[PDB]
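See structure below.
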Amino acid sequence: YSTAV
Amino acid sequence: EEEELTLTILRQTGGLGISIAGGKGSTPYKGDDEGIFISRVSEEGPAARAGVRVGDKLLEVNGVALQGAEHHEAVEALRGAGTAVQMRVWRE
């Protein structure tokens with residue numbers, strides 16, 4: 001999964 | 001075509017303009033590598049202007065390697081990396 005930072 | 005790049009992302013406030021995927025114990029960005037990869041780059045955001053590219057594998061954040069890092073550990077590193085965030089990345 002992705003995490004926007 | 002394999003290269004290692006040192007990219008410096010500059011921000012005053014807010015985010016870096018990227019999404020990261022993968023990490024130890026998470027679903028990998030690619031089956032052969034459990035590491036941290038750039039899954040998205042925000043259009044002309046800080047990382048875009050710094051030359052980051054989707055698919056880049058993130059090796060280090062301000063000199064701290066992410067080998068063996070869980071997904072949340074990489075997220076914490078990037079969030080607390082400061083206003084100048086230098087990333088050693090692997091690009092194919």
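Scheme for the structure tokens: letters A, B, ... for chains in order shown; per-chain residue numbers from 1; ligand numbers from 1 in order shown.
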When the cut-off is 6 Å and we count only C-alpha atoms, which residues of chain B are near chain A, given as a PyMOL selection string?
chain B and resi 15-16+18-21
Just to be explicit: take each residue in the selection above, keep N, CA, C and O atoms, and write the result as a PDB file, in the first residue's frame.
ATOM      1  N   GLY B  15       4.098  18.698   2.711  1.00  0.00           N
ATOM      2  CA  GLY B  15       4.623  17.418   2.295  1.00  0.00           C
ATOM      3  C   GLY B  15       5.691  17.520   1.225  1.00  0.00           C
ATOM      4  O   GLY B  15       6.041  18.593   0.732  1.00  0.00           O
ATOM      5  N   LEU B  16       6.208  16.352   0.863  1.00  0.00           N
ATOM      6  CA  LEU B  16       7.249  16.227  -0.143  1.00  0.00           C
ATOM      7  C   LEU B  16       6.698  16.003  -1.541  1.00  0.00           C
ATOM      8  O   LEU B  16       7.456  16.110  -2.511  1.00  0.00           O
ATOM      9  N   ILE B  18       5.194  13.047  -2.682  1.00  0.00           N
ATOM     10  CA  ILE B  18       5.404  11.671  -3.107  1.00  0.00           C
ATOM     11  C   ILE B  18       4.530  10.746  -2.272  1.00  0.00           C
ATOM     12  O   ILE B  18       4.036  11.110  -1.203  1.00  0.00           O
ATOM     13  N   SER B  19       4.347   9.535  -2.784  1.00  0.00           N
ATOM     14  CA  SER B  19       3.828   8.412  -2.020  1.00  0.00           C
ATOM     15  C   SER B  19       4.863   7.299  -2.070  1.00  0.00           C
ATOM     16  O   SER B  19       5.499   7.077  -3.107  1.00  0.00           O
ATOM     17  N   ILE B  20       5.057   6.623  -0.944  1.00  0.00           N
ATOM     18  CA  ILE B  20       5.968   5.490  -0.876  1.00  0.00           C
ATOM     19  C   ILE B  20       5.161   4.225  -0.637  1.00  0.00           C
ATOM     20  O   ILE B  20       4.133   4.232   0.053  1.00  0.00           O
ATOM     21  N   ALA B  21       5.633   3.133  -1.226  1.00  0.00           N
ATOM     22  CA  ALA B  21       5.019   1.827  -1.072  1.00  0.00           C
ATOM     23  C   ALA B  21       6.082   0.834  -0.633  1.00  0.00           C
ATOM     24  O   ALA B  21       7.281   1.045  -0.839  1.00  0.00           O
TER      25      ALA B  21
END
Tell me which protein, DNA and RNA residues are within 8 Å of residue 89 in chain B, counting only C-alpha atoms, leaving out same-chain ones fewer than 6 positions away, and put them as number ranges by chain.
B: 4-7, 56-60
Mind giving me the straight-line distance from CA of residue 34 in chain B to CA of residue 46 in chain B in Å, one decimal?
25.6 Å
Please, what distance in Å, to one decimal, runs between CA of residue 84 in chain B and CA of residue 10 in chain B?
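These two atoms are separated by 4.8 Å.
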Go through range 3-90 of chain B and collect every residue that DSSP, computed from the backbone, puts in strand (DSSP E); the answer should be as number ranges by chain.
B: 3-10, 18-22, 36-41, 57-61, 64-65, 84-90
Just N, CA and C atoms for this one: save the residues we selected as an mmCIF file, in the first residue's frame.
data_model
loop_
_atom_site.group_PDB
_atom_site.id
_atom_site.type_symbol
_atom_site.label_atom_id
_atom_site.label_comp_id
_atom_site.auth_asym_id
_atom_site.auth_seq_id
_atom_site.Cartn_x
_atom_site.Cartn_y
_atom_site.Cartn_z
ATOM 1 N N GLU B 3 21.360 3.314 -11.977
ATOM 2 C CA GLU B 3 22.050 4.482 -11.466
ATOM 3 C C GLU B 3 21.609 4.771 -10.049
ATOM 4 N N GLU B 4 22.505 5.399 -9.319
ATOM 5 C CA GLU B 4 22.214 5.904 -8.001
ATOM 6 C C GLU B 4 22.271 7.398 -7.994
ATOM 7 N N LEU B 5 21.235 7.999 -7.446
ATOM 8 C CA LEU B 5 21.098 9.434 -7.454
ATOM 9 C C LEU B 5 20.955 9.934 -6.029
ATOM 10 N N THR B 6 21.481 11.129 -5.801
ATOM 11 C CA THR B 6 21.276 11.868 -4.564
ATOM 12 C C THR B 6 20.410 13.072 -4.911
ATOM 13 N N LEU B 7 19.154 13.040 -4.481
ATOM 14 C CA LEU B 7 18.190 14.091 -4.768
ATOM 15 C C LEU B 7 17.861 14.843 -3.486
ATOM 16 N N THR B 8 17.806 16.168 -3.578
ATOM 17 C CA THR B 8 17.527 17.023 -2.429
ATOM 18 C C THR B 8 16.169 17.687 -2.631
ATOM 19 N N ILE B 9 15.205 17.315 -1.797
ATOM 20 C CA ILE B 9 13.853 17.850 -1.860
ATOM 21 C C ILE B 9 13.770 19.016 -0.888
ATOM 22 N N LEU B 10 13.333 20.168 -1.382
ATOM 23 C CA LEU B 10 13.267 21.387 -0.590
ATOM 24 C C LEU B 10 11.811 21.757 -0.353
ATOM 25 N N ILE B 18 5.194 13.047 -2.682
ATOM 26 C CA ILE B 18 5.404 11.671 -3.107
ATOM 27 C C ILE B 18 4.530 10.746 -2.272
ATOM 28 N N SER B 19 4.347 9.535 -2.784
ATOM 29 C CA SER B 19 3.828 8.412 -2.020
ATOM 30 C C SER B 19 4.863 7.299 -2.070
ATOM 31 N N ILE B 20 5.057 6.623 -0.944
ATOM 32 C CA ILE B 20 5.968 5.490 -0.876
ATOM 33 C C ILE B 20 5.161 4.225 -0.637
ATOM 34 N N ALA B 21 5.633 3.133 -1.226
ATOM 35 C CA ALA B 21 5.019 1.827 -1.072
ATOM 36 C C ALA B 21 6.082 0.834 -0.633
ATOM 37 N N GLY B 22 5.625 -0.255 -0.036
ATOM 38 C CA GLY B 22 6.514 -1.334 0.336
ATOM 39 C C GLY B 22 7.017 -1.214 1.759
ATOM 40 N N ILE B 36 11.481 0.087 0.031
ATOM 41 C CA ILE B 36 10.665 1.287 -0.092
ATOM 42 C C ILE B 36 10.833 1.860 -1.489
ATOM 43 N N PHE B 37 9.714 2.077 -2.171
ATOM 44 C CA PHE B 37 9.724 2.594 -3.526
ATOM 45 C C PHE B 37 8.790 3.790 -3.625
ATOM 46 N N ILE B 38 9.118 4.689 -4.539
ATOM 47 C CA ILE B 38 8.256 5.824 -4.863
ATOM 48 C C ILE B 38 7.137 5.313 -5.765
ATOM 49 N N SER B 39 5.906 5.319 -5.256
ATOM 50 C CA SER B 39 4.772 4.848 -6.040
ATOM 51 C C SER B 39 4.055 5.967 -6.780
ATOM 52 N N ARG B 40 4.205 7.211 -6.335
ATOM 53 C CA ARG B 40 3.556 8.339 -6.988
ATOM 54 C C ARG B 40 4.370 9.595 -6.725
ATOM 55 N N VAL B 41 4.433 10.468 -7.730
ATOM 56 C CA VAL B 41 5.069 11.772 -7.616
ATOM 57 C C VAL B 41 4.028 12.830 -7.960
ATOM 58 N N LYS B 57 13.727 3.419 -6.061
ATOM 59 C CA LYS B 57 13.850 2.751 -4.772
ATOM 60 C C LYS B 57 14.600 3.658 -3.802
ATOM 61 N N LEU B 58 14.019 3.889 -2.626
ATOM 62 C CA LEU B 58 14.604 4.808 -1.652
ATOM 63 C C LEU B 58 15.581 4.035 -0.778
ATOM 64 N N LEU B 59 16.867 4.355 -0.910
ATOM 65 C CA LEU B 59 17.914 3.700 -0.138
ATOM 66 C C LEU B 59 18.179 4.404 1.183
ATOM 67 N N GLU B 60 18.224 5.735 1.185
ATOM 68 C CA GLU B 60 18.525 6.470 2.403
ATOM 69 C C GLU B 60 17.754 7.778 2.435
ATOM 70 N N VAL B 61 17.495 8.252 3.651
ATOM 71 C CA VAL B 61 16.886 9.553 3.891
ATOM 72 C C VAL B 61 17.828 10.310 4.814
ATOM 73 N N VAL B 64 20.299 8.116 6.546
ATOM 74 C CA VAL B 64 19.795 6.991 7.325
ATOM 75 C C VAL B 64 19.222 5.964 6.359
ATOM 76 N N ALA B 65 19.837 4.785 6.313
ATOM 77 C CA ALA B 65 19.419 3.757 5.371
ATOM 78 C C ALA B 65 18.082 3.158 5.786
ATOM 79 N N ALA B 84 14.893 20.303 4.295
ATOM 80 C CA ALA B 84 15.782 19.847 3.229
ATOM 81 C C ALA B 84 15.978 18.348 3.415
ATOM 82 N N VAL B 85 15.422 17.555 2.504
ATOM 83 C CA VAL B 85 15.420 16.102 2.627
ATOM 84 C C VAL B 85 16.215 15.523 1.469
ATOM 85 N N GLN B 86 17.396 15.003 1.766
ATOM 86 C CA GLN B 86 18.262 14.411 0.755
ATOM 87 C C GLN B 86 18.019 12.910 0.720
ATOM 88 N N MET B 87 17.702 12.388 -0.459
ATOM 89 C CA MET B 87 17.370 10.980 -0.624
ATOM 90 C C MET B 87 18.358 10.331 -1.581
ATOM 91 N N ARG B 88 19.007 9.260 -1.125
ATOM 92 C CA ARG B 88 19.772 8.380 -1.997
ATOM 93 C C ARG B 88 18.807 7.354 -2.577
ATOM 94 N N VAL B 89 18.651 7.356 -3.897
ATOM 95 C CA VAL B 89 17.686 6.482 -4.544
ATOM 96 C C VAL B 89 18.385 5.634 -5.598
ATOM 97 N N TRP B 90 17.722 4.538 -5.949
ATOM 98 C CA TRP B 90 18.175 3.595 -6.960
ATOM 99 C C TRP B 90 17.175 3.631 -8.105
#
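The space separating CA of residue 25 in chain B from CA of residue 80 in chain B comes to 21.7 Å.
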List every residue of chain B that DSSP, applied to the backbone, labels as alpha helix (DSSP H), and write the result as number ranges by chain.
B: 46-49, 71-79
Restrict the selected residues to N, CA and C atoms and save them as a PDB file, in the first residue's frame.
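Contents of part.pdb, freshly written:
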ATOM      1  N   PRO B  46       7.338  19.391  -4.693  1.00  0.00           N
ATOM      2  CA  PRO B  46       8.755  19.476  -4.290  1.00  0.00           C
ATOM      3  C   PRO B  46       9.601  18.344  -4.854  1.00  0.00           C
ATOM      4  N   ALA B  47       9.147  17.096  -4.713  1.00  0.00           N
ATOM      5  CA  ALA B  47       9.947  15.971  -5.189  1.00  0.00           C
ATOM      6  C   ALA B  47      10.089  15.999  -6.706  1.00  0.00           C
ATOM      7  N   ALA B  48       9.021  16.377  -7.412  1.00  0.00           N
ATOM      8  CA  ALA B  48       9.089  16.464  -8.868  1.00  0.00           C
ATOM      9  C   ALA B  48      10.167  17.448  -9.303  1.00  0.00           C
ATOM     10  N   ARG B  49      10.204  18.623  -8.672  1.00  0.00           N
ATOM     11  CA  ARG B  49      11.218  19.614  -9.014  1.00  0.00           C
ATOM     12  C   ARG B  49      12.613  19.136  -8.638  1.00  0.00           C
ATOM     13  N   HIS B  71       7.240  -0.231   6.660  1.00  0.00           N
ATOM     14  CA  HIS B  71       6.602   0.862   5.934  1.00  0.00           C
ATOM     15  C   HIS B  71       6.425   2.092   6.817  1.00  0.00           C
ATOM     16  N   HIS B  72       5.925   1.901   8.041  1.00  0.00           N
ATOM     17  CA  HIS B  72       5.702   3.039   8.927  1.00  0.00           C
ATOM     18  C   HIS B  72       7.008   3.722   9.305  1.00  0.00           C
ATOM     19  N   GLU B  73       8.104   2.966   9.384  1.00  0.00           N
ATOM     20  CA  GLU B  73       9.378   3.560   9.772  1.00  0.00           C
ATOM     21  C   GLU B  73       9.891   4.492   8.685  1.00  0.00           C
ATOM     22  N   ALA B  74       9.717   4.102   7.423  1.00  0.00           N
ATOM     23  CA  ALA B  74      10.079   4.974   6.313  1.00  0.00           C
ATOM     24  C   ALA B  74       9.202   6.217   6.289  1.00  0.00           C
ATOM     25  N   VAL B  75       7.905   6.049   6.565  1.00  0.00           N
ATOM     26  CA  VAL B  75       6.988   7.184   6.588  1.00  0.00           C
ATOM     27  C   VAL B  75       7.419   8.180   7.653  1.00  0.00           C
ATOM     28  N   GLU B  76       7.727   7.678   8.850  1.00  0.00           N
ATOM     29  CA  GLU B  76       8.152   8.558   9.931  1.00  0.00           C
ATOM     30  C   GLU B  76       9.436   9.283   9.561  1.00  0.00           C
ATOM     31  N   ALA B  77      10.354   8.582   8.892  1.00  0.00           N
ATOM     32  CA  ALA B  77      11.619   9.189   8.498  1.00  0.00           C
ATOM     33  C   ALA B  77      11.400  10.347   7.536  1.00  0.00           C
ATOM     34  N   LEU B  78      10.525  10.162   6.548  1.00  0.00           N
ATOM     35  CA  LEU B  78      10.290  11.211   5.564  1.00  0.00           C
ATOM     36  C   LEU B  78       9.512  12.374   6.167  1.00  0.00           C
ATOM     37  N   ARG B  79       8.553  12.084   7.053  1.00  0.00           N
ATOM     38  CA  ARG B  79       7.787  13.159   7.670  1.00  0.00           C
ATOM     39  C   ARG B  79       8.659  14.014   8.580  1.00  0.00           C
TER      40      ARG B  79
END
